[PDB]
Structures are given as structure tokens and as C-alpha cells.
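Data from my_file_2.pdb: PDB, N, CA and C atoms
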ATOM      1  N   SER U   1      25.598 -44.245  14.476
ATOM      2  CA  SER U   1      24.696 -44.736  13.419
ATOM      3  C   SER U   1      23.796 -45.899  13.861
ATOM      4  N   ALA U   2      24.085 -46.537  15.001
ATOM      5  CA  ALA U   2      23.203 -47.523  15.619
ATOM      6  C   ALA U   2      21.833 -46.926  16.008
ATOM      7  N   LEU U   3      21.800 -45.689  16.525
ATOM      8  CA  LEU U   3      20.583 -44.951  16.902
ATOM      9  C   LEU U   3      19.916 -44.227  15.716
ATOM     10  N   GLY U   4      20.146 -44.675  14.484
ATOM     11  CA  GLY U   4      19.767 -43.952  13.269
ATOM     12  C   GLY U   4      18.304 -43.523  13.223
ATOM     13  N   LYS U   5      17.370 -44.371  13.667
ATOM     14  CA  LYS U   5      15.931 -44.051  13.692
ATOM     15  C   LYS U   5      15.590 -42.864  14.588
ATOM     16  N   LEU U   6      16.216 -42.739  15.758
ATOM     17  CA  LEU U   6      15.983 -41.608  16.664
ATOM     18  C   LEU U   6      16.644 -40.335  16.136
ATOM     19  N   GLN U   7      17.891 -40.421  15.680
ATOM     20  CA  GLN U   7      18.608 -39.261  15.164
ATOM     21  C   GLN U   7      17.958 -38.706  13.894
ATOM     22  N   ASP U   8      17.426 -39.554  13.018
ATOM     23  CA  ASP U   8      16.650 -39.144  11.845
ATOM     24  C   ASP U   8      15.395 -38.361  12.257
ATOM     25  N   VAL U   9      14.661 -38.836  13.261
ATOM     26  CA  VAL U   9      13.478 -38.147  13.800
ATOM     27  C   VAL U   9      13.811 -36.797  14.442
ATOM     28  N   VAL U  10      15.007 -36.603  14.998
ATOM     29  CA  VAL U  10      15.492 -35.266  15.383
ATOM     30  C   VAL U  10      15.809 -34.425  14.149
ATOM     31  N   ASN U  11      16.605 -34.947  13.218
ATOM     32  CA  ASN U  11      17.069 -34.211  12.045
ATOM     33  C   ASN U  11      15.920 -33.745  11.147
ATOM     34  N   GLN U  12      14.852 -34.522  10.983
ATOM     35  CA  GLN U  12      13.697 -34.106  10.188
ATOM     36  C   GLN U  12      12.952 -32.922  10.800
ATOM     37  N   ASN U  13      12.795 -32.876  12.120
ATOM     38  CA  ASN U  13      12.147 -31.747  12.787
ATOM     39  C   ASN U  13      13.014 -30.482  12.768
ATOM     40  N   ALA U  14      14.334 -30.605  12.908
ATOM     41  CA  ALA U  14      15.252 -29.494  12.683
ATOM     42  C   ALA U  14      15.201 -28.990  11.231
ATOM     43  N   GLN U  15      15.272 -29.884  10.243
ATOM     44  CA  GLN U  15      15.184 -29.550   8.820
ATOM     45  C   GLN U  15      13.875 -28.830   8.482
ATOM     46  N   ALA U  16      12.750 -29.294   9.025
ATOM     47  CA  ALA U  16      11.444 -28.680   8.826
ATOM     48  C   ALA U  16      11.371 -27.266   9.404
ATOM     49  N   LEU U  17      11.886 -27.027  10.613
ATOM     50  CA  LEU U  17      11.907 -25.683  11.193
ATOM     51  C   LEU U  17      12.884 -24.750  10.486
ATOM     52  N   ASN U  18      14.090 -25.189  10.122
ATOM     53  CA  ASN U  18      14.991 -24.331   9.348
ATOM     54  C   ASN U  18      14.361 -23.954   8.011
ATOM     55  N   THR U  19      13.672 -24.874   7.340
ATOM     56  CA  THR U  19      12.936 -24.564   6.107
ATOM     57  C   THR U  19      11.812 -23.561   6.356
ATOM     58  N   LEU U  20      11.013 -23.737   7.410
ATOM     59  CA  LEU U  20       9.947 -22.802   7.773
ATOM     60  C   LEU U  20      10.492 -21.395   8.036
ATOM     61  N   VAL U  21      11.628 -21.264   8.721
ATOM     62  CA  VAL U  21      12.269 -19.970   8.990
ATOM     63  C   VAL U  21      12.894 -19.379   7.732
ATOM     64  N   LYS U  22      13.645 -20.153   6.945
ATOM     65  CA  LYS U  22      14.250 -19.693   5.685
ATOM     66  C   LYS U  22      13.216 -19.151   4.704
ATOM     67  N   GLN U  23      11.993 -19.671   4.692
ATOM     68  CA  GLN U  23      10.931 -19.135   3.840
ATOM     69  C   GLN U  23      10.510 -17.700   4.180
ATOM     70  N   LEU U  24      10.877 -17.138   5.333
ATOM     71  CA  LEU U  24      10.670 -15.711   5.603
ATOM     72  C   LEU U  24      11.536 -14.808   4.711
ATOM     73  N   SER U  25      12.677 -15.300   4.222
ATOM     74  CA  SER U  25      13.577 -14.564   3.329
ATOM     75  C   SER U  25      13.072 -14.453   1.885
ATOM     76  N   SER U  26      12.082 -15.249   1.474
ATOM     77  CA  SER U  26      11.587 -15.346   0.090
ATOM     78  C   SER U  26      10.643 -14.206  -0.300
ATOM     79  N   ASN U  27      10.631 -13.808  -1.575
ATOM     80  CA  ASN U  27       9.810 -12.690  -2.066
ATOM     81  C   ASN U  27       8.359 -13.053  -2.403
ATOM     82  N   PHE U  28       8.067 -14.266  -2.877
ATOM     83  CA  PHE U  28       6.732 -14.682  -3.353
ATOM     84  C   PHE U  28       6.122 -13.778  -4.440
ATOM     85  N   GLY U  29       6.969 -13.089  -5.204
ATOM     86  CA  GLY U  29       6.576 -12.093  -6.206
ATOM     87  C   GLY U  29       6.449 -10.654  -5.688
ATOM     88  N   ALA U  30       6.596 -10.405  -4.383
ATOM     89  CA  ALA U  30       6.610  -9.056  -3.830
ATOM     90  C   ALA U  30       7.909  -8.294  -4.157
ATOM     91  N   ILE U  31       7.877  -6.962  -4.082
ATOM     92  CA  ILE U  31       9.030  -6.082  -4.347
ATOM     93  C   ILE U  31      10.242  -6.379  -3.450
ATOM     94  N   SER U  32      10.017  -6.747  -2.189
ATOM     95  CA  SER U  32      11.064  -7.093  -1.224
ATOM     96  C   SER U  32      10.514  -8.064  -0.188
ATOM     97  N   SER U  33      11.328  -8.976   0.334
ATOM     98  CA  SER U  33      10.914  -9.910   1.385
ATOM     99  C   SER U  33      10.927  -9.310   2.788
ATOM    100  N   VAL U  34      11.356  -8.056   2.950
ATOM    101  CA  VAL U  34      11.378  -7.366   4.245
ATOM    102  C   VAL U  34      10.120  -6.513   4.364
ATOM    103  N   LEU U  35       9.314  -6.753   5.389
ATOM    104  CA  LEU U  35       7.968  -6.187   5.477
ATOM    105  C   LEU U  35       7.967  -4.673   5.746
ATOM    106  N   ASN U  36       8.850  -4.192   6.621
ATOM    107  CA  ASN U  36       9.056  -2.756   6.852
ATOM    108  C   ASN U  36       9.680  -2.037   5.640
ATOM    109  N   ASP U  37      10.382  -2.757   4.765
ATOM    110  CA  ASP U  37      10.947  -2.210   3.534
ATOM    111  C   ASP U  37       9.839  -1.924   2.513
ATOM    112  N   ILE U  38       8.900  -2.856   2.289
ATOM    113  CA  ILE U  38       7.704  -2.602   1.461
ATOM    114  C   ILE U  38       6.976  -1.341   1.942
ATOM    115  N   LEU U  39       6.727  -1.248   3.251
ATOM    116  CA  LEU U  39       6.066  -0.106   3.886
ATOM    117  C   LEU U  39       6.861   1.210   3.789
ATOM    118  N   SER U  40       8.137   1.175   3.391
ATOM    119  CA  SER U  40       8.951   2.369   3.142
ATOM    120  C   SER U  40       9.014   2.763   1.658
ATOM    121  N   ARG U  41       9.088   1.795   0.733
ATOM    122  CA  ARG U  41       9.233   2.054  -0.716
ATOM    123  C   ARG U  41       7.965   2.587  -1.383
ATOM    124  N   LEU U  42       6.794   2.286  -0.826
ATOM    125  CA  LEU U  42       5.498   2.460  -1.485
ATOM    126  C   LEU U  42       4.490   3.204  -0.603
ATOM    127  N   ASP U  43       3.504   3.843  -1.236
ATOM    128  CA  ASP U  43       2.350   4.438  -0.550
ATOM    129  C   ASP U  43       1.223   3.401  -0.359
ATOM    130  N   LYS U  44       0.247   3.691   0.506
ATOM    131  CA  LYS U  44      -0.644   2.718   1.165
ATOM    132  C   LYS U  44      -1.213   1.615   0.271
ATOM    133  N   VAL U  45      -1.940   1.949  -0.795
ATOM    134  CA  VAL U  45      -2.610   0.938  -1.638
ATOM    135  C   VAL U  45      -1.606   0.097  -2.431
ATOM    136  N   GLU U  46      -0.505   0.690  -2.890
ATOM    137  CA  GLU U  46       0.562  -0.056  -3.562
ATOM    138  C   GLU U  46       1.294  -0.982  -2.585
ATOM    139  N   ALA U  47       1.585  -0.518  -1.366
ATOM    140  CA  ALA U  47       2.201  -1.339  -0.327
ATOM    141  C   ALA U  47       1.297  -2.512   0.068
ATOM    142  N   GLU U  48       0.005  -2.269   0.267
ATOM    143  CA  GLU U  48      -0.989  -3.292   0.587
ATOM    144  C   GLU U  48      -1.025  -4.428  -0.443
ATOM    145  N   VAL U  49      -0.978  -4.115  -1.738
ATOM    146  CA  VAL U  49      -0.965  -5.136  -2.794
ATOM    147  C   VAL U  49       0.298  -5.999  -2.749
TER     148      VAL U  49
ATOM    149  N   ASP R   1     -20.222  15.601  -1.011
ATOM    150  CA  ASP R   1     -19.221  16.596  -0.608
ATOM    151  C   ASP R   1     -18.777  17.417  -1.815
ATOM    152  N   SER R   2     -18.565  18.722  -1.651
ATOM    153  CA  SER R   2     -18.283  19.626  -2.772
ATOM    154  C   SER R   2     -17.221  20.681  -2.457
ATOM    155  N   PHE R   3     -16.354  20.950  -3.438
ATOM    156  CA  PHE R   3     -15.253  21.920  -3.367
ATOM    157  C   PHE R   3     -14.665  22.233  -4.759
ATOM    158  N   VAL R   4     -13.849  23.290  -4.858
ATOM    159  CA  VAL R   4     -13.013  23.602  -6.033
ATOM    160  C   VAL R   4     -11.528  23.418  -5.713
ATOM    161  N   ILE R   5     -10.792  22.860  -6.672
ATOM    162  CA  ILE R   5      -9.335  22.621  -6.686
ATOM    163  C   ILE R   5      -8.786  22.940  -8.080
ATOM    164  N   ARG R   6      -7.467  23.063  -8.275
ATOM    165  CA  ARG R   6      -6.934  23.109  -9.651
ATOM    166  C   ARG R   6      -7.032  21.729 -10.320
ATOM    167  N   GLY R   7      -7.186  21.679 -11.641
ATOM    168  CA  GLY R   7      -7.354  20.425 -12.391
ATOM    169  C   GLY R   7      -6.296  19.337 -12.145
ATOM    170  N   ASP R   8      -5.041  19.698 -11.868
ATOM    171  CA  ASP R   8      -3.989  18.735 -11.501
ATOM    172  C   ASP R   8      -4.291  17.943 -10.221
ATOM    173  N   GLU R   9      -4.996  18.532  -9.256
ATOM    174  CA  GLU R   9      -5.169  17.948  -7.919
ATOM    175  C   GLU R   9      -6.257  16.869  -7.860
ATOM    176  N   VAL R  10      -7.032  16.668  -8.933
ATOM    177  CA  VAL R  10      -8.107  15.658  -8.989
ATOM    178  C   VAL R  10      -7.578  14.257  -8.664
ATOM    179  N   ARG R  11      -6.348  13.916  -9.074
ATOM    180  CA  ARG R  11      -5.690  12.639  -8.714
ATOM    181  C   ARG R  11      -5.416  12.445  -7.217
ATOM    182  N   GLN R  12      -5.362  13.512  -6.414
ATOM    183  CA  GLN R  12      -5.296  13.394  -4.949
ATOM    184  C   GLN R  12      -6.661  13.024  -4.348
ATOM    185  N   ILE R  13      -7.765  13.297  -5.051
ATOM    186  CA  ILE R  13      -9.122  12.932  -4.631
ATOM    187  C   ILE R  13      -9.417  11.483  -5.053
ATOM    188  N   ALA R  14      -8.788  10.539  -4.355
ATOM    189  CA  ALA R  14      -9.023   9.101  -4.472
ATOM    190  C   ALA R  14      -8.708   8.416  -3.127
ATOM    191  N   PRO R  15      -9.285   7.242  -2.828
ATOM    192  CA  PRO R  15      -9.004   6.518  -1.591
ATOM    193  C   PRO R  15      -7.509   6.211  -1.428
ATOM    194  N   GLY R  16      -6.994   6.355  -0.205
ATOM    195  CA  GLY R  16      -5.600   6.040   0.143
ATOM    196  C   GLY R  16      -4.520   6.965  -0.435
ATOM    197  N   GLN R  17      -4.886   8.108  -1.019
ATOM    198  CA  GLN R  17      -3.931   9.097  -1.536
ATOM    199  C   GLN R  17      -3.178   9.888  -0.450
ATOM    200  N   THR R  18      -2.093  10.541  -0.878
ATOM    201  CA  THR R  18      -1.318  11.548  -0.129
ATOM    202  C   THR R  18      -0.944  12.736  -1.029
ATOM    203  N   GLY R  19      -0.510  13.842  -0.425
ATOM    204  CA  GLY R  19      -0.289  15.141  -1.076
ATOM    205  C   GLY R  19      -1.152  16.218  -0.417
ATOM    206  N   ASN R  20      -0.771  17.497  -0.495
ATOM    207  CA  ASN R  20      -1.305  18.539   0.402
ATOM    208  C   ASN R  20      -2.842  18.630   0.465
ATOM    209  N   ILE R  21      -3.551  18.323  -0.623
ATOM    210  CA  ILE R  21      -5.012  18.326  -0.617
ATOM    211  C   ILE R  21      -5.542  17.124   0.167
ATOM    212  N   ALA R  22      -5.074  15.918  -0.150
ATOM    213  CA  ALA R  22      -5.444  14.706   0.576
ATOM    214  C   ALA R  22      -4.939  14.701   2.033
ATOM    215  N   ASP R  23      -3.814  15.354   2.305
ATOM    216  CA  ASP R  23      -3.180  15.433   3.620
ATOM    217  C   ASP R  23      -3.841  16.474   4.528
ATOM    218  N   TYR R  24      -4.238  17.636   3.993
ATOM    219  CA  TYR R  24      -4.602  18.809   4.804
ATOM    220  C   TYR R  24      -5.941  19.456   4.455
ATOM    221  N   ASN R  25      -6.670  18.954   3.456
ATOM    222  CA  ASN R  25      -7.910  19.580   3.000
ATOM    223  C   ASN R  25      -9.097  18.606   2.908
ATOM    224  N   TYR R  26      -8.938  17.455   2.250
ATOM    225  CA  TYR R  26     -10.008  16.465   2.079
ATOM    226  C   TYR R  26      -9.441  15.041   1.967
ATOM    227  N   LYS R  27      -9.348  14.334   3.098
ATOM    228  CA  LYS R  27      -8.902  12.933   3.156
ATOM    229  C   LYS R  27     -10.080  11.985   2.907
ATOM    230  N   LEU R  28     -10.036  11.205   1.826
ATOM    231  CA  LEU R  28     -10.901  10.028   1.657
ATOM    232  C   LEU R  28     -10.370   8.823   2.462
ATOM    233  N   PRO R  29     -11.245   7.963   3.015
ATOM    234  CA  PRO R  29     -10.840   6.692   3.616
ATOM    235  C   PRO R  29     -10.335   5.691   2.566
ATOM    236  N   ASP R  30      -9.639   4.640   3.002
ATOM    237  CA  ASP R  30      -9.196   3.556   2.111
ATOM    238  C   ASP R  30     -10.366   2.690   1.617
ATOM    239  N   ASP R  31     -11.348   2.434   2.482
ATOM    240  CA  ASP R  31     -12.537   1.614   2.212
ATOM    241  C   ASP R  31     -13.735   2.451   1.724
ATOM    242  N   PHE R  32     -13.458   3.543   1.010
ATOM    243  CA  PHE R  32     -14.465   4.403   0.393
ATOM    244  C   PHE R  32     -15.371   3.613  -0.561
ATOM    245  N   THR R  33     -16.686   3.676  -0.344
ATOM    246  CA  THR R  33     -17.684   3.241  -1.331
ATOM    247  C   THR R  33     -18.378   4.487  -1.855
ATOM    248  N   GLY R  34     -18.261   4.780  -3.145
ATOM    249  CA  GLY R  34     -18.632   6.101  -3.641
ATOM    250  C   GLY R  34     -18.064   6.435  -5.007
ATOM    251  N   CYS R  35     -18.342   7.645  -5.478
ATOM    252  CA  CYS R  35     -17.895   8.155  -6.767
ATOM    253  C   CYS R  35     -17.306   9.560  -6.647
ATOM    254  N   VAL R  36     -16.213   9.818  -7.361
ATOM    255  CA  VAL R  36     -15.576  11.135  -7.460
ATOM    256  C   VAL R  36     -15.852  11.687  -8.850
ATOM    257  N   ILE R  37     -16.565  12.806  -8.906
ATOM    258  CA  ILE R  37     -17.029  13.428 -10.143
ATOM    259  C   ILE R  37     -16.404  14.818 -10.230
ATOM    260  N   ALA R  38     -15.676  15.100 -11.308
ATOM    261  CA  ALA R  38     -14.882  16.317 -11.437
ATOM    262  C   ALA R  38     -15.041  16.940 -12.825
ATOM    263  N   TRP R  39     -15.072  18.271 -12.906
ATOM    264  CA  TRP R  39     -15.104  18.976 -14.187
ATOM    265  C   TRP R  39     -14.440  20.347 -14.152
ATOM    266  N   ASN R  40     -13.894  20.752 -15.297
ATOM    267  CA  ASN R  40     -13.280  22.064 -15.474
ATOM    268  C   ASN R  40     -14.340  23.181 -15.390
ATOM    269  N   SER R  41     -14.029  24.258 -14.674
ATOM    270  CA  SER R  41     -14.898  25.416 -14.452
ATOM    271  C   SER R  41     -14.201  26.751 -14.753
ATOM    272  N   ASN R  42     -13.199  26.768 -15.641
ATOM    273  CA  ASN R  42     -12.482  27.989 -16.029
ATOM    274  C   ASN R  42     -13.417  29.105 -16.532
ATOM    275  N   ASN R  43     -14.494  28.739 -17.224
ATOM    276  CA  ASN R  43     -15.540  29.641 -17.712
ATOM    277  C   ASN R  43     -16.545  30.108 -16.629
ATOM    278  N   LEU R  44     -16.349  29.738 -15.358
ATOM    279  CA  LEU R  44     -17.266  30.023 -14.245
ATOM    280  C   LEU R  44     -16.541  30.571 -13.005
ATOM    281  N   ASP R  45     -15.469  29.913 -12.562
ATOM    282  CA  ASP R  45     -14.754  30.242 -11.321
ATOM    283  C   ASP R  45     -13.536  31.156 -11.515
ATOM    284  N   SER R  46     -12.877  31.138 -12.676
ATOM    285  CA  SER R  46     -11.774  32.070 -12.957
ATOM    286  C   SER R  46     -12.267  33.502 -13.183
ATOM    287  N   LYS R  47     -11.395  34.486 -12.933
ATOM    288  CA  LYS R  47     -11.702  35.921 -13.066
ATOM    289  C   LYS R  47     -10.479  36.703 -13.549
ATOM    290  N   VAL R  48     -10.683  37.831 -14.227
ATOM    291  CA  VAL R  48      -9.598  38.719 -14.691
ATOM    292  C   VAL R  48      -8.789  39.237 -13.495
ATOM    293  N   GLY R  49      -7.459  39.153 -13.573
ATOM    294  CA  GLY R  49      -6.534  39.446 -12.464
ATOM    295  C   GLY R  49      -6.435  38.337 -11.403
TER     296      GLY R  49
END
Could you show the structure in this file as C-alpha cells?
Amino acid sequence: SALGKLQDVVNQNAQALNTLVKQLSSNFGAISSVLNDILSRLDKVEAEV
Amino acid sequence: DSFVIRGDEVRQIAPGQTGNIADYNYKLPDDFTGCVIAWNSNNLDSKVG
């Protein structure tokens, strides 16, 4: 805990990248968060939307 | 462009469609700029037998 300023600067960059990667799992209002799954459930214009 | 189809198949004549007419007879592009104009011709194209 003496090195707290350096370890915090590591932990924030790890936290930011794990958050950036975890956001790939989110739907954002789409039918599924898996991109090849959308392309399987729907035909072209519906999949595109 | 001009052709005859059964009245049910008019829904395959649209951009980005699939089904045997759109698949094997008349494929429209997805970025079609244009109009699809259709009418019944039972009194003209149908025949006895």
C-alpha cells in the first residue's frame, strides 16, 4: 500500500480494458450480442438493422 | 424490366429478398433505386385448361 499511486495507475488501465471487452457481451437493443448469431436468425435487411 | 408471376410472389420482388423467384429468376440488389409496379392479369394471361 506504500506504492498506492503506481498500483492505482495499473488497476485503472486494467479496469478500463476489462470494461471495454465486457461491452462486447451487451445487446444495445439488438436481438443478440453475438454477431454471427444475428446473421443466422434473420434475412439480409432485417439482420442489417 | 418485365415478367409474369403468380400474385403471391410479388413480395419476393423487393430489394434484399430470398425465395425461388428472387433466388433463381429475378434478383434485385439491396441498394435498388426504383419502383416495383404489379397488377392482376387473370382476365388476360389465364386460359381454359
Write out as a ChimeraX atom specification every residue belonging to chain R that has an atom at most 8 Å from any atom of chain U, counting only N, CA and C atoms.
/R:15-18,30
Can you tell me how far CA of residue 25 (chain R) sits from CA of residue 8 (chain R), in Å to one decimal?
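Going from CA of residue 25 (chain R) over to CA of residue 8 (chain R), I get 15.0 Å.
Of the residues in chain R, those that DSSP places in alpha helix (DSSP H) on the basis of the backbone are residues 20, 21, 22, 23 and 24 of chain R.
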Quote the spacing between atom C of residue 45 (chain R) and atom N of residue 3 (chain R) in Å to one decimal place.
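So the answer is 13.3 Å.
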Work out how far atom N of residue 49 (chain R) is from atom C of residue 13 (chain R), in Å to one decimal.
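Here the two named atoms are 29.0 Å from each other.
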Since the input lacks atoms, please generate N, CA, C and O atoms for region 2-26 of chain R and provide them as a tab-separated table (two decimals), in the frame of the given file.
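Once everything was written out, this is selection30.tsv:
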chain	number	residue	atom	x	y	z
R	2	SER	N	-18.57	18.72	-1.65
R	2	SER	CA	-18.28	19.63	-2.77
R	2	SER	C	-17.22	20.68	-2.46
R	2	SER	O	-17.18	21.23	-1.35
R	3	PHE	N	-16.35	20.95	-3.44
R	3	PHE	CA	-15.25	21.92	-3.37
R	3	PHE	C	-14.66	22.23	-4.76
R	3	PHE	O	-14.93	21.52	-5.73
R	4	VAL	N	-13.85	23.29	-4.86
R	4	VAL	CA	-13.01	23.60	-6.03
R	4	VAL	C	-11.53	23.42	-5.71
R	4	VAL	O	-11.06	23.79	-4.64
R	5	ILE	N	-10.79	22.86	-6.67
R	5	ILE	CA	-9.34	22.62	-6.69
R	5	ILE	C	-8.79	22.94	-8.08
R	5	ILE	O	-9.56	23.07	-9.02
R	6	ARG	N	-7.47	23.06	-8.28
R	6	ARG	CA	-6.93	23.11	-9.65
R	6	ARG	C	-7.03	21.73	-10.32
R	6	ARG	O	-6.92	20.71	-9.64
R	7	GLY	N	-7.19	21.68	-11.64
R	7	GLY	CA	-7.35	20.42	-12.39
R	7	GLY	C	-6.30	19.34	-12.14
R	7	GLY	O	-6.63	18.15	-12.14
R	8	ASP	N	-5.04	19.70	-11.87
R	8	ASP	CA	-3.99	18.74	-11.50
R	8	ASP	C	-4.29	17.94	-10.22
R	8	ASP	O	-3.85	16.80	-10.09
R	9	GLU	N	-5.00	18.53	-9.26
R	9	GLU	CA	-5.17	17.95	-7.92
R	9	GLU	C	-6.26	16.87	-7.86
R	9	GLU	O	-6.36	16.17	-6.86
R	10	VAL	N	-7.03	16.67	-8.93
R	10	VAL	CA	-8.11	15.66	-8.99
R	10	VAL	C	-7.58	14.26	-8.66
R	10	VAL	O	-8.23	13.52	-7.94
R	11	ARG	N	-6.35	13.92	-9.07
R	11	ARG	CA	-5.69	12.64	-8.71
R	11	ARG	C	-5.42	12.44	-7.22
R	11	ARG	O	-5.27	11.31	-6.78
R	12	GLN	N	-5.36	13.51	-6.41
R	12	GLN	CA	-5.30	13.39	-4.95
R	12	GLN	C	-6.66	13.02	-4.35
R	12	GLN	O	-6.72	12.47	-3.25
R	13	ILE	N	-7.76	13.30	-5.05
R	13	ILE	CA	-9.12	12.93	-4.63
R	13	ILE	C	-9.42	11.48	-5.05
R	13	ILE	O	-10.15	11.21	-6.00
R	14	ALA	N	-8.79	10.54	-4.36
R	14	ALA	CA	-9.02	9.10	-4.47
R	14	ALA	C	-8.71	8.42	-3.13
R	14	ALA	O	-7.93	8.96	-2.34
R	15	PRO	N	-9.28	7.24	-2.83
R	15	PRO	CA	-9.00	6.52	-1.59
R	15	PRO	C	-7.51	6.21	-1.43
R	15	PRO	O	-6.82	5.86	-2.39
R	16	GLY	N	-6.99	6.36	-0.20
R	16	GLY	CA	-5.60	6.04	0.14
R	16	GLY	C	-4.52	6.96	-0.44
R	16	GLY	O	-3.34	6.64	-0.35
R	17	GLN	N	-4.89	8.11	-1.02
R	17	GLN	CA	-3.93	9.10	-1.54
R	17	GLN	C	-3.18	9.89	-0.45
R	17	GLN	O	-3.60	9.97	0.71
R	18	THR	N	-2.09	10.54	-0.88
R	18	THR	CA	-1.32	11.55	-0.13
R	18	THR	C	-0.94	12.74	-1.03
R	18	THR	O	-1.07	12.68	-2.25
R	19	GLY	N	-0.51	13.84	-0.42
R	19	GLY	CA	-0.29	15.14	-1.08
R	19	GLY	C	-1.15	16.22	-0.42
R	19	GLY	O	-2.17	15.90	0.18
R	20	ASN	N	-0.77	17.50	-0.50
R	20	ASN	CA	-1.30	18.54	0.40
R	20	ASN	C	-2.84	18.63	0.46
R	20	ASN	O	-3.40	18.96	1.51
R	21	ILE	N	-3.55	18.32	-0.62
R	21	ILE	CA	-5.01	18.33	-0.62
R	21	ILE	C	-5.54	17.12	0.17
R	21	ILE	O	-6.32	17.29	1.10
R	22	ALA	N	-5.07	15.92	-0.15
R	22	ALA	CA	-5.44	14.71	0.58
R	22	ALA	C	-4.94	14.70	2.03
R	22	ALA	O	-5.58	14.13	2.91
R	23	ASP	N	-3.81	15.35	2.31
R	23	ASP	CA	-3.18	15.43	3.62
R	23	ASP	C	-3.84	16.47	4.53
R	23	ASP	O	-3.98	16.23	5.72
R	24	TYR	N	-4.24	17.64	3.99
R	24	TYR	CA	-4.60	18.81	4.80
R	24	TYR	C	-5.94	19.46	4.46
R	24	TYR	O	-6.32	20.42	5.11
R	25	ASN	N	-6.67	18.95	3.46
R	25	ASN	CA	-7.91	19.58	3.00
R	25	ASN	C	-9.10	18.61	2.91
R	25	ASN	O	-10.15	18.88	3.48
R	26	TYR	N	-8.94	17.45	2.25
R	26	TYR	CA	-10.01	16.46	2.08
R	26	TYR	C	-9.44	15.04	1.97
R	26	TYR	O	-9.07	14.58	0.89
